[PDB]
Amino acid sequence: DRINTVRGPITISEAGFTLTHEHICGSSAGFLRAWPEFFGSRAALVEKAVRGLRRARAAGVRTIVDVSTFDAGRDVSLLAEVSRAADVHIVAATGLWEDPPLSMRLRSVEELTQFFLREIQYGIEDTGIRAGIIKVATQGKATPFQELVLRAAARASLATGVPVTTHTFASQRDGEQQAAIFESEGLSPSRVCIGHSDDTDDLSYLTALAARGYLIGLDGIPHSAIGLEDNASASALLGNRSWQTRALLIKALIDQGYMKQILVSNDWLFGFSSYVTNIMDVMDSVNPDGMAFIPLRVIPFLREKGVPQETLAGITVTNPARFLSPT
(Lines of atoms letter the chains of each structure in order from A and count residues from 1; the text may use other names and numbers.)
(Lines give C-alpha, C1' and ligand atoms only; values in the text may rest on other atoms or scores of the structure.)
Protein backbone atom coordinates (compact mmCIF):
# COMPACT_ATOMS: atom_id res chain seq x y z
CA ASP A 1 0.00 0.00 0.00
CA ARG A 2 2.68 2.46 1.09
CA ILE A 3 6.12 3.67 -0.04
CA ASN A 4 8.51 5.23 2.46
CA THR A 5 9.68 8.74 1.53
CA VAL A 6 11.76 11.33 3.35
CA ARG A 7 8.49 12.98 4.46
CA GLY A 8 6.93 9.71 5.62
CA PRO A 9 4.79 7.00 4.04
CA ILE A 10 2.77 7.76 0.91
CA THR A 11 0.22 5.69 -0.94
CA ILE A 12 1.13 4.17 -4.30
CA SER A 13 -1.26 6.47 -6.17
CA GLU A 14 0.52 9.54 -4.73
CA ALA A 15 3.86 8.75 -6.39
CA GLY A 16 2.75 9.85 -9.87
CA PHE A 17 5.40 10.64 -12.49
CA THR A 18 8.55 9.19 -10.85
CA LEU A 19 12.23 9.51 -11.78
CA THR A 20 13.80 6.30 -10.50
CA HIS A 21 17.55 7.13 -10.42
CA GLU A 22 18.53 10.64 -9.23
CA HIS A 23 20.78 12.37 -6.70
CA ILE A 24 20.40 15.54 -4.70
CA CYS A 25 24.14 15.52 -4.02
CA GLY A 26 26.77 13.03 -5.12
CA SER A 27 29.40 13.13 -2.39
CA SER A 28 31.05 11.00 0.29
CA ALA A 29 30.01 10.02 3.81
CA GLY A 30 30.35 13.00 6.14
CA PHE A 31 31.71 15.31 3.42
CA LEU A 32 28.80 17.75 3.07
CA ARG A 33 28.82 18.30 6.85
CA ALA A 34 32.62 18.63 7.07
CA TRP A 35 33.24 20.91 4.06
CA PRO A 36 30.01 22.58 2.89
CA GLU A 37 32.02 25.41 1.36
CA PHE A 38 33.01 22.93 -1.35
CA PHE A 39 29.46 23.55 -2.62
CA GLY A 40 29.62 27.28 -1.86
CA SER A 41 27.56 26.70 1.25
CA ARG A 42 24.98 24.24 2.53
CA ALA A 43 22.38 26.98 2.05
CA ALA A 44 23.46 27.55 -1.57
CA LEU A 45 23.24 23.82 -2.29
CA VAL A 46 19.74 23.70 -0.76
CA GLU A 47 18.66 26.67 -2.86
CA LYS A 48 20.06 25.13 -6.05
CA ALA A 49 18.44 21.75 -5.42
CA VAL A 50 15.08 23.31 -4.51
CA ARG A 51 15.09 25.44 -7.66
CA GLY A 52 15.97 22.41 -9.77
CA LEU A 53 13.39 20.13 -8.15
CA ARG A 54 10.72 22.83 -8.52
CA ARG A 55 11.56 23.01 -12.21
CA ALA A 56 11.13 19.25 -12.53
CA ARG A 57 7.84 19.49 -10.63
CA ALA A 58 6.52 22.14 -13.03
CA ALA A 59 7.43 19.76 -15.86
CA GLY A 60 5.28 17.02 -14.30
CA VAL A 61 7.61 15.10 -11.95
CA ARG A 62 5.97 14.20 -8.65
CA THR A 63 8.53 11.80 -7.13
CA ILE A 64 12.26 11.13 -7.42
CA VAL A 65 14.23 8.19 -6.06
CA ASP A 66 17.53 9.44 -4.64
CA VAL A 67 19.83 6.44 -5.03
CA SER A 68 22.67 7.97 -3.02
CA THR A 69 23.93 5.50 -0.44
CA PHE A 70 25.86 6.04 2.76
CA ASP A 71 29.19 6.02 0.89
CA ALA A 72 27.89 8.36 -1.83
CA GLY A 73 27.38 10.91 0.91
CA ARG A 74 23.61 10.63 1.32
CA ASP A 75 22.47 13.29 3.79
CA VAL A 76 18.87 12.36 4.45
CA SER A 77 18.28 15.63 6.33
CA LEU A 78 19.23 17.45 3.12
CA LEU A 79 16.86 15.23 1.12
CA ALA A 80 14.04 15.96 3.57
CA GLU A 81 14.67 19.71 3.43
CA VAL A 82 14.73 19.82 -0.39
CA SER A 83 11.73 17.49 -0.72
CA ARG A 84 9.64 19.64 1.59
CA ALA A 85 10.58 22.93 -0.09
CA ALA A 86 10.01 21.66 -3.63
CA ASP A 87 6.93 19.57 -2.75
CA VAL A 88 8.42 16.60 -4.60
CA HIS A 89 8.40 13.18 -2.97
CA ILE A 90 11.90 11.76 -2.43
CA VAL A 91 12.54 8.06 -1.79
CA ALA A 92 15.84 7.50 0.06
CA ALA A 93 18.18 4.56 -0.47
CA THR A 94 20.21 2.14 1.60
CA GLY A 95 22.90 -0.15 0.18
CA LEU A 96 26.47 0.63 -0.83
CA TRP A 97 27.90 2.28 -3.95
CA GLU A 98 31.43 2.23 -5.34
CA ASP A 99 33.29 3.94 -2.44
CA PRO A 100 32.66 2.04 0.85
CA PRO A 101 35.01 3.02 3.69
CA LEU A 102 36.97 0.51 5.75
CA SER A 103 34.24 0.25 8.40
CA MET A 104 31.97 -1.12 5.67
CA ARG A 105 34.50 -3.12 3.60
CA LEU A 106 35.49 -5.18 6.66
CA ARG A 107 31.92 -6.35 7.34
CA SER A 108 30.41 -9.78 6.73
CA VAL A 109 27.33 -10.49 4.62
CA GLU A 110 25.34 -10.93 7.84
CA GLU A 111 26.55 -7.57 9.19
CA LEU A 112 25.76 -5.77 5.94
CA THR A 113 22.29 -7.32 5.94
CA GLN A 114 21.73 -5.91 9.43
CA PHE A 115 22.83 -2.44 8.31
CA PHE A 116 20.54 -2.41 5.25
CA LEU A 117 17.65 -3.69 7.36
CA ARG A 118 18.31 -0.97 9.93
CA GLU A 119 17.94 1.77 7.33
CA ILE A 120 14.74 0.21 5.87
CA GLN A 121 13.00 -0.95 9.06
CA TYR A 122 14.24 1.47 11.74
CA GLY A 123 15.52 4.61 10.04
CA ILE A 124 18.58 6.35 8.68
CA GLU A 125 20.94 7.73 11.35
CA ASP A 126 18.72 9.29 14.07
CA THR A 127 16.19 10.84 11.68
CA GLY A 128 13.42 8.25 11.67
CA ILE A 129 13.45 8.44 7.86
CA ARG A 130 13.30 4.95 6.33
CA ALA A 131 14.82 3.86 3.04
CA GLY A 132 12.52 2.74 0.24
CA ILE A 133 15.11 1.15 -2.08
CA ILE A 134 18.44 -0.69 -1.85
CA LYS A 135 21.29 0.44 -4.12
CA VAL A 136 24.26 -1.77 -5.10
CA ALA A 137 27.13 -1.44 -7.56
CA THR A 138 29.67 -3.29 -9.65
CA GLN A 139 32.23 -1.97 -12.16
CA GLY A 140 32.94 -5.06 -14.20
CA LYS A 141 33.42 -8.36 -12.38
CA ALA A 142 32.34 -8.00 -8.77
CA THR A 143 34.97 -7.75 -6.08
CA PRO A 144 34.56 -10.25 -3.23
CA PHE A 145 33.13 -7.45 -1.10
CA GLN A 146 30.68 -6.44 -3.83
CA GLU A 147 29.46 -10.04 -3.95
CA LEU A 148 28.71 -9.69 -0.22
CA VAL A 149 26.82 -6.44 -0.80
CA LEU A 150 24.71 -7.98 -3.59
CA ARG A 151 23.80 -10.92 -1.35
CA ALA A 152 22.99 -8.69 1.63
CA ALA A 153 20.84 -6.50 -0.61
CA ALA A 154 18.94 -9.58 -1.81
CA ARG A 155 18.41 -10.75 1.77
CA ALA A 156 17.23 -7.30 2.86
CA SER A 157 14.82 -7.13 -0.09
CA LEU A 158 13.41 -10.57 0.69
CA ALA A 159 12.83 -9.53 4.32
CA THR A 160 11.15 -6.19 3.53
CA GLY A 161 9.85 -6.26 -0.04
CA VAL A 162 11.73 -3.08 -0.98
CA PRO A 163 13.35 -3.33 -4.43
CA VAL A 164 17.02 -3.39 -5.44
CA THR A 165 18.53 -1.03 -8.02
CA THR A 166 22.03 -1.36 -9.41
CA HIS A 167 24.96 0.58 -10.80
CA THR A 168 26.62 -1.27 -13.72
CA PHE A 169 29.41 -1.08 -16.22
CA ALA A 170 26.84 -1.86 -18.90
CA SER A 171 29.39 -2.48 -21.65
CA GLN A 172 30.85 -5.32 -19.57
CA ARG A 173 27.33 -6.81 -19.18
CA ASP A 174 27.48 -6.49 -15.38
CA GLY A 175 23.73 -7.06 -15.13
CA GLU A 176 24.27 -10.72 -16.00
CA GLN A 177 26.55 -11.34 -13.00
CA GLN A 178 24.33 -9.24 -10.75
CA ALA A 179 21.32 -11.31 -11.86
CA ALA A 180 23.18 -14.57 -11.24
CA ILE A 181 24.06 -13.56 -7.69
CA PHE A 182 20.56 -12.25 -6.94
CA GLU A 183 18.94 -15.43 -8.25
CA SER A 184 21.34 -17.56 -6.19
CA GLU A 185 19.78 -15.80 -3.17
CA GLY A 186 16.21 -16.44 -4.35
CA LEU A 187 15.41 -12.85 -5.35
CA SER A 188 12.70 -12.28 -7.94
CA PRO A 189 13.94 -10.38 -11.03
CA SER A 190 10.80 -8.20 -10.77
CA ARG A 191 12.36 -6.69 -7.64
CA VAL A 192 15.57 -5.65 -9.47
CA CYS A 193 16.41 -2.74 -11.77
CA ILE A 194 19.66 -3.15 -13.69
CA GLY A 195 20.79 0.47 -13.93
CA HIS A 196 23.01 2.52 -16.25
CA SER A 197 21.72 0.22 -18.99
CA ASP A 198 21.63 3.09 -21.49
CA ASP A 199 25.45 3.21 -21.31
CA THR A 200 25.62 0.33 -23.81
CA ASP A 201 24.45 -0.09 -27.38
CA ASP A 202 24.18 -3.89 -27.06
CA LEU A 203 20.42 -4.34 -27.30
CA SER A 204 20.74 -8.14 -27.06
CA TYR A 205 22.26 -7.82 -23.57
CA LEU A 206 19.29 -5.73 -22.43
CA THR A 207 16.56 -7.83 -24.06
CA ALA A 208 17.95 -11.06 -22.61
CA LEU A 209 17.83 -9.53 -19.11
CA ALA A 210 14.34 -8.15 -19.66
CA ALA A 211 13.18 -11.56 -20.95
CA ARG A 212 14.19 -12.88 -17.52
CA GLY A 213 11.89 -10.34 -15.84
CA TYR A 214 14.42 -7.70 -14.78
CA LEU A 215 13.63 -4.02 -14.94
CA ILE A 216 15.96 -2.07 -17.21
CA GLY A 217 17.19 1.30 -15.95
CA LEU A 218 17.72 3.72 -18.83
CA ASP A 219 18.75 6.34 -16.35
CA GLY A 220 21.47 8.58 -17.80
CA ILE A 221 19.76 9.97 -20.88
CA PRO A 222 21.24 13.52 -20.81
CA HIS A 223 24.78 12.29 -19.99
CA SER A 224 26.87 13.26 -23.02
CA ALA A 225 30.21 14.98 -23.56
CA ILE A 226 29.40 15.89 -27.16
CA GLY A 227 30.88 19.34 -27.65
CA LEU A 228 33.27 18.80 -24.72
CA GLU A 229 35.86 16.75 -26.63
CA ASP A 230 38.75 18.86 -25.32
CA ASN A 231 37.72 17.98 -21.73
CA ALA A 232 39.24 14.62 -20.83
CA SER A 233 37.55 14.27 -17.45
CA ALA A 234 34.06 15.17 -18.68
CA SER A 235 34.53 12.91 -21.71
CA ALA A 236 35.62 9.97 -19.54
CA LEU A 237 32.63 10.36 -17.20
CA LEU A 238 29.82 11.30 -19.59
CA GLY A 239 30.79 9.41 -22.76
CA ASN A 240 30.60 10.49 -26.39
CA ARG A 241 27.21 8.98 -27.20
CA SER A 242 24.40 11.47 -27.67
CA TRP A 243 21.27 11.82 -25.57
CA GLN A 244 19.33 10.88 -28.71
CA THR A 245 21.22 7.58 -28.96
CA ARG A 246 20.39 6.88 -25.32
CA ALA A 247 16.76 7.91 -25.75
CA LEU A 248 16.39 5.70 -28.83
CA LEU A 249 17.18 2.72 -26.58
CA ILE A 250 13.94 3.54 -24.77
CA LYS A 251 12.09 3.37 -28.08
CA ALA A 252 13.97 0.18 -29.00
CA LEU A 253 12.93 -1.64 -25.82
CA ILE A 254 9.35 -0.43 -26.35
CA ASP A 255 9.47 -1.70 -29.94
CA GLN A 256 10.74 -5.09 -28.72
CA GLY A 257 7.83 -5.44 -26.28
CA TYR A 258 9.35 -4.49 -22.91
CA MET A 259 7.46 -1.26 -22.10
CA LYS A 260 6.31 -2.72 -18.75
CA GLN A 261 9.92 -3.19 -17.64
CA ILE A 262 11.57 0.12 -18.59
CA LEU A 263 12.51 2.69 -15.94
CA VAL A 264 13.73 6.09 -17.20
CA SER A 265 15.68 8.77 -15.35
CA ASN A 266 18.34 11.50 -15.71
CA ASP A 267 20.92 10.44 -13.10
CA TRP A 268 21.28 14.13 -12.35
CA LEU A 269 22.63 15.89 -9.27
CA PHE A 270 22.79 19.38 -7.80
CA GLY A 271 26.17 18.96 -6.14
CA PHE A 272 28.97 16.60 -7.07
CA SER A 273 32.15 16.27 -4.99
CA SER A 274 33.28 12.70 -5.79
CA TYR A 275 34.84 13.64 -9.15
CA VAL A 276 36.91 16.54 -10.54
CA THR A 277 36.19 19.97 -9.10
CA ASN A 278 34.51 21.63 -12.06
CA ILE A 279 32.25 18.73 -13.07
CA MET A 280 28.91 20.05 -11.77
CA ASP A 281 29.33 23.32 -13.67
CA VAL A 282 30.33 21.43 -16.81
CA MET A 283 27.34 19.10 -16.53
CA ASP A 284 24.98 22.02 -15.91
CA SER A 285 26.32 23.77 -18.99
CA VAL A 286 25.21 20.99 -21.32
CA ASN A 287 21.94 20.08 -19.50
CA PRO A 288 20.46 23.19 -17.85
CA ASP A 289 17.12 21.38 -17.64
CA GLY A 290 18.66 19.11 -14.98
CA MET A 291 16.09 16.63 -13.72
CA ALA A 292 13.46 18.18 -15.96
CA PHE A 293 15.29 16.70 -18.96
CA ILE A 294 13.17 13.52 -19.04
CA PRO A 295 9.76 15.32 -19.09
CA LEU A 296 10.79 18.31 -21.16
CA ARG A 297 13.03 16.68 -23.76
CA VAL A 298 12.78 12.89 -23.80
CA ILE A 299 8.98 12.59 -23.64
CA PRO A 300 8.37 15.00 -26.58
CA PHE A 301 11.10 13.25 -28.57
CA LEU A 302 9.51 9.83 -28.08
CA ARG A 303 5.99 11.13 -28.67
CA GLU A 304 6.90 12.49 -32.08
CA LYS A 305 8.55 9.12 -32.84
CA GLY A 306 5.07 7.60 -32.40
CA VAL A 307 5.13 6.34 -28.81
CA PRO A 308 1.54 6.77 -27.56
CA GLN A 309 0.59 8.64 -24.42
CA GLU A 310 -0.58 5.48 -22.63
CA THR A 311 2.85 3.92 -23.13
CA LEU A 312 4.72 6.98 -21.87
CA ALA A 313 2.43 7.15 -18.83
CA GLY A 314 2.94 3.44 -18.25
CA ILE A 315 6.72 3.87 -18.18
CA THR A 316 6.79 6.99 -15.98
CA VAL A 317 3.90 6.25 -13.57
CA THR A 318 2.84 2.59 -13.64
CA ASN A 319 6.28 0.94 -13.78
CA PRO A 320 7.83 2.94 -10.89
CA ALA A 321 4.74 2.36 -8.75
CA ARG A 322 4.88 -1.38 -9.34
CA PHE A 323 8.63 -1.38 -8.71
CA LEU A 324 8.59 0.69 -5.51
CA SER A 325 5.55 -0.91 -3.85
CA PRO A 326 6.99 -3.36 -1.28
CA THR A 327 6.29 -6.90 -2.50
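Start at 1 and count along the sequence shown; that's the residue number.
Q) Which has the higher mean CA temperature factor in the PDB entry, 88-96 or 220-228? A) The stretch with the larger average C-alpha B-factor is 220-228.
Q) Which is higher in the entry, the mean Cα B factor of 261-269 or that of 36-44? A) Looking at the record's C-alpha B-factors, the answer is 36-44.
Q) Looking at 83, 197, 108, 166, which has the highest Cα B-factor in the entry? A) Across 83, 197, 108, 166, the entry lists the biggest C-alpha B-factor for 108.
Q) Once the chain's modelled residues are ordered by C-alpha B factor and cut into thirds, is residue 67 in the lowest, middle or highest one? A) Lowest third.
Q) What third of the chain, by the recorded C-alpha B-factor, contains residue 29? A) CA B-factor rank for residue 29: middle third.
Q) If you rank the chain by CA B-factor, which third does residue 119 end up in: lowest, middle or highest? A) Tercile = lowest for this residue's CA B-factor.
Q | Chain thirds of CA B-factor: placement of residue 11 | A | According to the entry, residue 11 has a C-alpha B-factor in the chain's highest third.
Q) Which third of the chain holds residue 135 when residues are ordered by C-alpha B factor: lowest, middle or highest? A) According to the entry, residue 135 has a C-alpha B-factor in the chain's lowest third.
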